[PDB]
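Chemist: Questions regarding the structure given below will be posed in turn.
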Amino acid sequence: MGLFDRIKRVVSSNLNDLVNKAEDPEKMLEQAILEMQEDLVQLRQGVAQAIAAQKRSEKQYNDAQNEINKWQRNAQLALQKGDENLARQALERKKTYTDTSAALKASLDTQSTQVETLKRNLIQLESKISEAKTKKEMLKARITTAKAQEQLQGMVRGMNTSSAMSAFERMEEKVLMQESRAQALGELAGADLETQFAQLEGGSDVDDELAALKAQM
Amino acid sequence: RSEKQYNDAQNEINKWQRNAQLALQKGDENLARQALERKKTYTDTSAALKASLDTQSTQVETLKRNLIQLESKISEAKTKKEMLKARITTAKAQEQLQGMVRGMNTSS
């Protein structure tokens, strides 16, 4: 495979390092979210449509019950004034439409059963996406703090990766060098062994003076 | 704001359980049961949001402590800076007032 698949992998590595390198966490986070809530619209629409279909089937069942009520009332009307034969035919249409209504209600049962599972699933997913959004807000706050920390770090004396503390500490060395260089003039000149002579000869003098003052009490 | 929405959800579930008891008195059993199904749903949602709220607080705590640390650090940096500016003031003086021993006359 080598002669081609390694060409593929290396050119792909160049391109995918370019892509990942051209990626700012903050802006591209900001664009991470807008996309997520795109198939959420179609979900709404589909739930709505299943609802409407299940509702219209129920509506037609209700209308059929109303119409069979009307037709049994017409049957009793015929039973009073109308003929026995026409009344019997009207009691045959009534039973036919009534069995039809019963069958449609039998179907209606499973209709409701399914719309129920369609409504519960929608609730679940709404919850999930809501929690996703809140966690997203927290972890955008995280990167805000990360900006701050990484851009305000390198402040210990043990390191000066920062260009602000770099100047700071090179200047620390600047001032200490200045002080020591100036102080060199002392020991360079010939009066450094005289001052330490005086200090050595007077170290006990101060305590001697304090003792003499105390004894003068 | 996440805490605010959790609090609002608790207030709204309180309102909805009160509406549920209102239905239980005058309202239908079926509507009341549906209102006790929405109540439990929103209540489990509130519980989940509080579970999240716990880690929310945990993180804001570490975010607040870090800020305190860094504020302290920069303050101490400034005070040390003041002292070491005083140092250079004294260095001006000494280097410009030096070369005074009889052994040397680098001074003009």
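All residue names refer to the structure tokens as shown: chains lettered A, B, ... in order, residues numbered from 1 in each chain, ligands numbered from 1 in order.
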Provide as a list in words the residues of chain B at most 8 Å from chain A, counting only C-alpha atoms.

Modeler: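 Within 8 Å of chain A on chain B, we get residues 2, 45, 49, 56, 63, 84, 87, 88, 91, 94, 95, 98, 99, 101, 103 and 104 of chain B.
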